[PDB]
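Worksheet: the structure to be examined is printed underneath.
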Amino acid sequence: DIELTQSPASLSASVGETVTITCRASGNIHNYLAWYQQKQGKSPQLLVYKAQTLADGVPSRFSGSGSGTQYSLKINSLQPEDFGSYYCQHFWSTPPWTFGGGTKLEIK
Amino acid sequence: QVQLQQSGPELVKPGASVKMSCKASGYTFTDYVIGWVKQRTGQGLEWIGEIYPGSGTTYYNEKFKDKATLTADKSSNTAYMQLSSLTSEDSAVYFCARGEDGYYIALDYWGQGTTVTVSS
Amino acid sequence: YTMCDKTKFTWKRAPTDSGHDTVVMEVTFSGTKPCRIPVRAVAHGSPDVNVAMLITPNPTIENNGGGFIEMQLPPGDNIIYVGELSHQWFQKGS
């Protein structure tokens, strides 16, 4: 199975600033990495798929990059609605389609 | 617009079974995978399995093969997950979500979740 | 049938010499079943043209079978693709 290790486990930032979180795969996933945001007591929302393509409606301050086994999600100009937990998930080749452990982004 | 409407919360005894539903609307049901995800309170997401409603093909996480059973009804546009022999480790929120059949690389809309609570 | 999802193949048996001058392989597929397998091969640096000589007619993943593929390749450095699953194949000269 492929393991996804997310970093940092948690971080606190202020509105308007930039942050970056990462997802490291234990094997080559050929860029088939999705990013989701989940706010407290809500359903996950797709942000990014195939590691750099923004989903419909996602504003351009989100950006995904990475390849091979190392992937990054960057949020410029943090807005209040950006806080919550973020998860990565891979869909390469064979199940399980495992999730990363999650990163908690909260207000300072 | 695409909607996945999930069934209501269940509060059940150890050893019981529960069957929850995920009703799809706003698209063509058989063109999309329905996947299922588990989340314990304050913890992360876990993939349970998925069903291709158009063909009935299913895939299961090895950790849930003796726990979950996934089915689908084309005529009612509904997917179902049955959980058996419930223990306190099964208390969690369960989501259904949609992926594209034939290019399945994301869960692109998500249901609101069904809470299953195992209690004495 | 429909085309097998290019992102859902893994090697059960990587490409290997058959013993009768062909290349045989077996894949495990994790999408909807049954489906029709996109398989091809390219001479390195020329991805446009499929150089695979398929012996397996209409390779298909069935519900409880399929995934065996047999082909022939021109000499030189090639890459075999089952969907996006790939493996290098050096083909010895005649």
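By convention here, the chains of the structure tokens are called A, B, ... in the order presented, each chain's residues are numbered starting at 1, and ligands are numbered starting at 1 in the order presented.
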
Per residue of chain A within 8 Å of chain C, what are the shortest atom pair and its distance in Å to one decimal, counting only C-alpha atoms, with rows by chain and residue number, as a Markdown table?
```
| residue | atom | partner | partner_atom | distance |
| --- | --- | --- | --- | --- |
| A:91 | CA | C:7 | CA | 7.6 |
| A:92 | CA | C:7 | CA | 5.9 |
| A:93 | CA | C:8 | CA | 4.1 |
| A:94 | CA | C:8 | CA | 5.9 |
| A:95 | CA | C:30 | CA | 7.3 |
```

Please save C-alpha atoms of the selected residues as a tab-separated table (two decimals), in the first residue's frame.
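again29.tsv, written as the output of this step:
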```tsv
chain	number	residue	atom	x	y	z
A	91	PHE	CA	-5.79	7.44	-6.77
A	92	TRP	CA	-2.85	5.74	-8.53
A	93	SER	CA	-3.02	2.22	-9.83
A	94	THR	CA	-4.51	0.11	-7.08
A	95	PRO	CA	-6.49	0.53	-3.88
```

Could you list, as a PyMOL selection string, every residue within 8 Å of residue 15 in chain A, counting only C-alpha atoms and ignoring same-chain residues fewer than 2 positions away?
chain A and resi 13+17+77-80+107

Just the helix (DSSP H, G or I) stuff from chain B, please, per backbone DSSP, written as a ChimeraX atom specification.
/B:29-31,62-64,88-90

Find the residues in chain B near chain A: any atom within 10 Å counts, using only C-alpha atoms. Write them as a PyMOL selection string.
chain B and resi 37+41-49+59-63+93+95-97+103-113

Writer output for current selection, N, CA and C atoms, as a PDB file, in the first residue's frame:
```
ATOM      1  N   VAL B  37     -16.365   6.783   3.017  1.00  0.00           N
ATOM      2  CA  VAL B  37     -15.251   7.263   3.828  1.00  0.00           C
ATOM      3  C   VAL B  37     -15.680   7.301   5.289  1.00  0.00           C
ATOM      4  N   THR B  41     -14.537  10.796  15.470  1.00  0.00           N
ATOM      5  CA  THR B  41     -14.546  12.151  16.013  1.00  0.00           C
ATOM      6  C   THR B  41     -13.125  12.635  16.279  1.00  0.00           C
ATOM      7  N   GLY B  42     -12.786  13.789  15.709  1.00  0.00           N
ATOM      8  CA  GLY B  42     -11.478  14.384  15.894  1.00  0.00           C
ATOM      9  C   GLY B  42     -10.335  13.692  15.183  1.00  0.00           C
ATOM     10  N   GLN B  43     -10.613  12.710  14.334  1.00  0.00           N
ATOM     11  CA  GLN B  43      -9.567  11.967  13.646  1.00  0.00           C
ATOM     12  C   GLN B  43      -9.696  12.165  12.134  1.00  0.00           C
ATOM     13  N   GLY B  44      -8.875  11.432  11.380  1.00  0.00           N
ATOM     14  CA  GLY B  44      -8.770  11.633   9.951  1.00  0.00           C
ATOM     15  C   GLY B  44      -9.753  10.798   9.144  1.00  0.00           C
ATOM     16  N   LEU B  45      -9.635  10.929   7.826  1.00  0.00           N
ATOM     17  CA  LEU B  45     -10.478  10.210   6.882  1.00  0.00           C
ATOM     18  C   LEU B  45      -9.824   8.888   6.502  1.00  0.00           C
ATOM     19  N   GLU B  46     -10.661   7.892   6.299  1.00  0.00           N
ATOM     20  CA  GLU B  46     -10.290   6.569   5.912  1.00  0.00           C
ATOM     21  C   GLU B  46     -11.172   6.026   4.763  1.00  0.00           C
ATOM     22  N   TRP B  47     -10.581   5.502   3.666  1.00  0.00           N
ATOM     23  CA  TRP B  47     -11.381   4.966   2.578  1.00  0.00           C
ATOM     24  C   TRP B  47     -11.887   3.573   2.934  1.00  0.00           C
ATOM     25  N   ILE B  48     -13.203   3.383   2.845  1.00  0.00           N
ATOM     26  CA  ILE B  48     -13.821   2.085   3.113  1.00  0.00           C
ATOM     27  C   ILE B  48     -13.873   1.229   1.859  1.00  0.00           C
ATOM     28  N   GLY B  49     -14.376   1.809   0.778  1.00  0.00           N
ATOM     29  CA  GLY B  49     -14.607   1.070  -0.442  1.00  0.00           C
ATOM     30  C   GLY B  49     -15.438   1.907  -1.391  1.00  0.00           C
ATOM     31  N   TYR B  59     -15.027  -2.383  -4.778  1.00  0.00           N
ATOM     32  CA  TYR B  59     -13.701  -2.537  -4.194  1.00  0.00           C
ATOM     33  C   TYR B  59     -13.771  -2.194  -2.717  1.00  0.00           C
ATOM     34  N   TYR B  60     -13.039  -2.950  -1.903  1.00  0.00           N
ATOM     35  CA  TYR B  60     -13.076  -2.803  -0.457  1.00  0.00           C
ATOM     36  C   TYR B  60     -11.671  -2.643   0.102  1.00  0.00           C
ATOM     37  N   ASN B  61     -11.541  -1.745   1.074  1.00  0.00           N
ATOM     38  CA  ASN B  61     -10.362  -1.720   1.924  1.00  0.00           C
ATOM     39  C   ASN B  61     -10.298  -3.014   2.723  1.00  0.00           C
ATOM     40  N   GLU B  62      -9.124  -3.653   2.722  1.00  0.00           N
ATOM     41  CA  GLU B  62      -8.950  -4.914   3.440  1.00  0.00           C
ATOM     42  C   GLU B  62      -9.419  -4.824   4.887  1.00  0.00           C
ATOM     43  N   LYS B  63      -9.269  -3.655   5.513  1.00  0.00           N
ATOM     44  CA  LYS B  63      -9.673  -3.473   6.902  1.00  0.00           C
ATOM     45  C   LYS B  63     -11.187  -3.465   7.095  1.00  0.00           C
ATOM     46  N   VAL B  93     -18.553   9.125  11.779  1.00  0.00           N
ATOM     47  CA  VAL B  93     -19.315   9.685  10.672  1.00  0.00           C
ATOM     48  C   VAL B  93     -18.901   8.948   9.408  1.00  0.00           C
ATOM     49  N   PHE B  95     -19.226   9.164   5.266  1.00  0.00           N
ATOM     50  CA  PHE B  95     -19.541   9.960   4.092  1.00  0.00           C
ATOM     51  C   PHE B  95     -19.659   9.065   2.866  1.00  0.00           C
ATOM     52  N   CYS B  96     -20.543   9.449   1.954  1.00  0.00           N
ATOM     53  CA  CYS B  96     -20.471   8.989   0.577  1.00  0.00           C
ATOM     54  C   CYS B  96     -19.973  10.142  -0.282  1.00  0.00           C
ATOM     55  N   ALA B  97     -19.324   9.802  -1.391  1.00  0.00           N
ATOM     56  CA  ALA B  97     -18.762  10.818  -2.268  1.00  0.00           C
ATOM     57  C   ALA B  97     -18.718  10.275  -3.687  1.00  0.00           C
ATOM     58  N   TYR B 103     -12.178   7.706 -15.168  1.00  0.00           N
ATOM     59  CA  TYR B 103     -11.048   8.586 -14.858  1.00  0.00           C
ATOM     60  C   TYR B 103     -11.229   9.017 -13.384  1.00  0.00           C
ATOM     61  N   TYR B 104     -11.104   8.050 -12.500  1.00  0.00           N
ATOM     62  CA  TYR B 104     -11.393   8.186 -11.089  1.00  0.00           C
ATOM     63  C   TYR B 104     -10.156   8.667 -10.308  1.00  0.00           C
ATOM     64  N   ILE B 105     -10.071   9.982 -10.162  1.00  0.00           N
ATOM     65  CA  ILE B 105      -8.890  10.611  -9.580  1.00  0.00           C
ATOM     66  C   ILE B 105      -9.239  11.627  -8.499  1.00  0.00           C
ATOM     67  N   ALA B 106     -10.489  11.626  -8.039  1.00  0.00           N
ATOM     68  CA  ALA B 106     -10.901  12.506  -6.950  1.00  0.00           C
ATOM     69  C   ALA B 106     -12.312  12.147  -6.514  1.00  0.00           C
ATOM     70  N   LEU B 107     -12.619  12.459  -5.260  1.00  0.00           N
ATOM     71  CA  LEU B 107     -13.985  12.420  -4.744  1.00  0.00           C
ATOM     72  C   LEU B 107     -14.483  13.861  -4.786  1.00  0.00           C
ATOM     73  N   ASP B 108     -15.332  14.170  -5.771  1.00  0.00           N
ATOM     74  CA  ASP B 108     -15.498  15.554  -6.203  1.00  0.00           C
ATOM     75  C   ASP B 108     -16.739  16.245  -5.646  1.00  0.00           C
ATOM     76  N   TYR B 109     -17.751  15.496  -5.209  1.00  0.00           N
ATOM     77  CA  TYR B 109     -18.788  16.011  -4.323  1.00  0.00           C
ATOM     78  C   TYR B 109     -18.977  15.010  -3.194  1.00  0.00           C
ATOM     79  N   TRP B 110     -19.374  15.509  -2.025  1.00  0.00           N
ATOM     80  CA  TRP B 110     -19.471  14.693  -0.823  1.00  0.00           C
ATOM     81  C   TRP B 110     -20.850  14.842  -0.200  1.00  0.00           C
ATOM     82  N   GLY B 111     -21.351  13.753   0.370  1.00  0.00           N
ATOM     83  CA  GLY B 111     -22.563  13.820   1.160  1.00  0.00           C
ATOM     84  C   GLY B 111     -22.330  14.505   2.495  1.00  0.00           C
ATOM     85  N   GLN B 112     -23.430  14.774   3.196  1.00  0.00           N
ATOM     86  CA  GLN B 112     -23.345  15.479   4.469  1.00  0.00           C
ATOM     87  C   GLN B 112     -22.928  14.579   5.627  1.00  0.00           C
ATOM     88  N   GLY B 113     -22.853  13.267   5.416  1.00  0.00           N
ATOM     89  CA  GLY B 113     -22.417  12.365   6.461  1.00  0.00           C
ATOM     90  C   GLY B 113     -23.547  11.760   7.265  1.00  0.00           C
TER      91      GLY B 113
END
```

Would you give me, as JSON, numbers by chain, the residues of chain B that come within 12 Å of chain C, using only C-alpha atoms?
{"B": [30, 31, 32, 33, 34, 49, 50, 51, 52, 53, 54, 55, 56, 57, 58, 59, 60, 99, 100, 101, 102, 103, 104, 105, 106]}

Nearby residues (only C-alpha atoms) at most 6 Å from range 39-48 of chain C, same-chain spacing under 4 positions excluded, as a ChimeraX atom specification
/C:52,77-82

Any idea what's packed within 9 Å of residue 67 in chain B, counting only C-alpha atoms, ignoring anything in its chain fewer than 2 positions away? Could you give it as a compact mmCIF listing (two decimals) with C-alpha atoms, in the first residue's frame?
```
# COMPACT_ATOMS: atom_id res chain seq x y z
CA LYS B 63 -9.67 -3.47 6.90
CA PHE B 64 -13.42 -3.28 6.10
CA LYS B 65 -13.97 -6.43 4.08
CA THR B 69 -21.25 -4.31 2.22
CA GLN B 82 -24.43 -1.99 5.42
CA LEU B 83 -22.26 -2.31 8.53
CA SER B 84 -22.41 -5.56 10.50
CA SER B 85 -21.58 -6.67 14.05
CA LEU B 86 -21.13 -3.12 15.28
```

Can you tell me which residues surround residue 73 in chain C at a distance of at most 12 Å, considering only C-alpha atoms, apart from same-chain residues fewer than 2 positions away, and format the answer as number ranges by chain?
C: 15-17, 21-24, 40-43, 50-55, 70-71, 75-80, 88-94

Keeping only N, CA, C and O atoms, take the residues you just selected and write them out as a compact mmCIF listing (two decimals), in the first residue's frame.
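Output below, filename again.txt:
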```
# COMPACT_ATOMS: atom_id res chain seq x y z
N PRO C 15 6.25 -7.30 -18.00
CA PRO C 15 6.62 -7.86 -19.31
C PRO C 15 7.86 -8.74 -19.23
O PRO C 15 8.83 -8.42 -18.53
N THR C 16 7.83 -9.85 -19.95
CA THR C 16 8.91 -10.83 -19.89
C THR C 16 8.90 -11.65 -21.17
O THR C 16 7.89 -11.74 -21.87
N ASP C 17 10.06 -12.25 -21.47
CA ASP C 17 10.16 -13.11 -22.64
C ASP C 17 9.25 -14.32 -22.47
O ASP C 17 9.17 -14.92 -21.40
N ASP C 21 9.48 -16.10 -28.67
CA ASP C 21 9.78 -14.86 -29.38
C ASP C 21 8.64 -13.84 -29.28
O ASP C 21 8.39 -13.07 -30.21
N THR C 22 7.93 -13.83 -28.16
CA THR C 22 6.95 -12.79 -27.88
C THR C 22 7.16 -12.26 -26.47
O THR C 22 7.98 -12.77 -25.71
N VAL C 23 6.42 -11.21 -26.14
CA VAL C 23 6.47 -10.57 -24.83
C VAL C 23 5.11 -10.76 -24.18
O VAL C 23 4.08 -10.37 -24.75
N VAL C 24 5.09 -11.35 -22.99
CA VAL C 24 3.85 -11.62 -22.27
C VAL C 24 3.85 -10.84 -20.96
O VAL C 24 4.91 -10.56 -20.38
N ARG C 40 -0.44 -0.25 -25.57
CA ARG C 40 0.40 0.22 -26.67
C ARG C 40 1.86 0.17 -26.24
O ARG C 40 2.18 -0.17 -25.10
N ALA C 41 2.74 0.47 -27.18
CA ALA C 41 4.17 0.57 -26.90
C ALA C 41 4.76 1.58 -27.86
O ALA C 41 4.29 1.74 -28.99
N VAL C 42 5.80 2.26 -27.40
CA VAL C 42 6.44 3.31 -28.19
C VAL C 42 7.94 3.05 -28.26
O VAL C 42 8.54 2.55 -27.30
N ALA C 43 8.53 3.36 -29.41
CA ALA C 43 9.98 3.43 -29.49
C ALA C 43 10.44 4.70 -28.77
O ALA C 43 9.88 5.78 -29.00
N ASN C 50 2.28 3.75 -32.11
CA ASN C 50 2.21 2.47 -31.40
C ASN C 50 2.98 1.42 -32.19
O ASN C 50 2.56 1.02 -33.29
N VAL C 51 4.10 0.95 -31.64
CA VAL C 51 4.92 -0.07 -32.30
C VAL C 51 4.59 -1.47 -31.83
O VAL C 51 5.21 -2.44 -32.29
N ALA C 52 3.63 -1.63 -30.92
CA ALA C 52 3.28 -2.95 -30.42
C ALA C 52 2.53 -3.75 -31.48
O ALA C 52 1.57 -3.27 -32.08
N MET C 53 2.98 -4.99 -31.71
CA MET C 53 2.28 -5.95 -32.55
C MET C 53 1.51 -6.87 -31.61
O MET C 53 2.04 -7.85 -31.11
N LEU C 54 0.27 -6.55 -31.38
CA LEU C 54 -0.54 -7.32 -30.49
C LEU C 54 -0.92 -8.68 -30.97
O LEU C 54 -1.44 -8.81 -32.04
N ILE C 55 -0.63 -9.70 -30.21
CA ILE C 55 -1.14 -11.02 -30.54
C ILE C 55 -2.46 -11.29 -29.84
O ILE C 55 -3.37 -11.87 -30.42
N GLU C 70 -0.21 -10.39 -24.78
CA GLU C 70 0.94 -10.89 -25.53
C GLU C 70 1.15 -10.02 -26.76
O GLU C 70 0.19 -9.67 -27.45
N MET C 71 2.40 -9.66 -27.02
CA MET C 71 2.71 -8.73 -28.10
C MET C 71 4.10 -9.03 -28.64
O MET C 71 4.85 -9.83 -28.09
N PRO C 75 13.06 -4.20 -32.54
CA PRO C 75 14.32 -4.08 -31.80
C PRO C 75 14.57 -2.65 -31.36
O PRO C 75 14.12 -1.68 -31.98
N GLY C 76 15.30 -2.52 -30.25
CA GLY C 76 15.68 -1.23 -29.72
C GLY C 76 15.05 -0.97 -28.36
O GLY C 76 14.53 -1.88 -27.71
N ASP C 77 15.10 0.29 -27.95
CA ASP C 77 14.61 0.68 -26.63
C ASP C 77 13.16 1.13 -26.75
O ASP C 77 12.86 2.11 -27.44
N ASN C 78 12.26 0.42 -26.08
CA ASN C 78 10.83 0.65 -26.15
C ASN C 78 10.28 0.90 -24.75
O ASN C 78 10.94 0.63 -23.74
N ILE C 79 9.06 1.40 -24.69
CA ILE C 79 8.29 1.47 -23.46
C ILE C 79 6.91 0.87 -23.72
O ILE C 79 6.25 1.23 -24.70
N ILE C 80 6.49 -0.04 -22.85
CA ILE C 80 5.18 -0.67 -22.92
C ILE C 80 4.24 0.06 -21.97
O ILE C 80 4.62 0.35 -20.82
N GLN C 88 9.74 -0.25 -19.13
CA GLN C 88 10.74 -0.24 -20.18
C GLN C 88 10.90 -1.64 -20.78
O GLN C 88 10.74 -2.65 -20.08
N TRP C 89 11.20 -1.70 -22.07
CA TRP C 89 11.46 -2.98 -22.74
C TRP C 89 12.56 -2.79 -23.77
O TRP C 89 12.33 -2.18 -24.82
N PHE C 90 13.75 -3.30 -23.48
CA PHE C 90 14.78 -3.42 -24.50
C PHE C 90 14.52 -4.68 -25.31
O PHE C 90 14.44 -5.78 -24.74
N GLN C 91 14.37 -4.53 -26.62
CA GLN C 91 14.14 -5.65 -27.51
C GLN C 91 15.43 -5.95 -28.27
O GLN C 91 15.90 -5.11 -29.05
N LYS C 92 15.99 -7.13 -28.04
CA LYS C 92 17.21 -7.54 -28.72
C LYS C 92 16.98 -7.64 -30.22
O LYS C 92 15.88 -7.94 -30.68
N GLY C 93 18.04 -7.36 -30.98
CA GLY C 93 17.96 -7.46 -32.42
C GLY C 93 17.73 -8.88 -32.90
O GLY C 93 17.84 -9.85 -32.15
N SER C 94 17.40 -9.00 -34.18
CA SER C 94 17.11 -10.29 -34.79
C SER C 94 18.33 -11.21 -34.77
O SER C 94 19.15 -11.18 -35.69
```

Please return, as a ChimeraX atom specification, all residues of range 15-81 of chain A that DSSP assigns to strand (DSSP E or B) on the basis of the backbone.
/A:19-25,33-38,45-49,53-54,62-67,70-75

Test item: residues at most 8 Å from residue 115 in chain B, only C-alpha atoms, excluding those fewer than 4 positions along its chain, as a PyMOL selection string
chain B and resi 8-10+91-94

Please produce a file of the residues just selected, as a PDB file, in the first residue's frame, where the atoms kept are C-alpha atoms.
```pdb
ATOM      1  CA  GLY B   8     -30.212   9.990   9.183  1.00  0.00           C
ATOM      2  CA  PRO B   9     -28.094   9.213  12.223  1.00  0.00           C
ATOM      3  CA  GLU B  10     -28.207   5.798  13.872  1.00  0.00           C
ATOM      4  CA  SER B  91     -18.812   4.799  16.015  1.00  0.00           C
ATOM      5  CA  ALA B  92     -17.992   7.457  13.426  1.00  0.00           C
ATOM      6  CA  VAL B  93     -19.315   9.685  10.672  1.00  0.00           C
ATOM      7  CA  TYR B  94     -19.634   7.932   7.343  1.00  0.00           C
TER       8      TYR B  94
END
```

For residue 22 in chain A, which of A:71, A:76, A:9, A:66 is the closest residue, counting only C-alpha atoms?
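Of A:71, A:76, A:9, A:66, the one nearest residue 22 in chain A, counting only C-alpha atoms, is A:71.
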
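Between CA of residue 1 in chain C and CA of residue 68 in chain C there is a distance of 17.3 Å.
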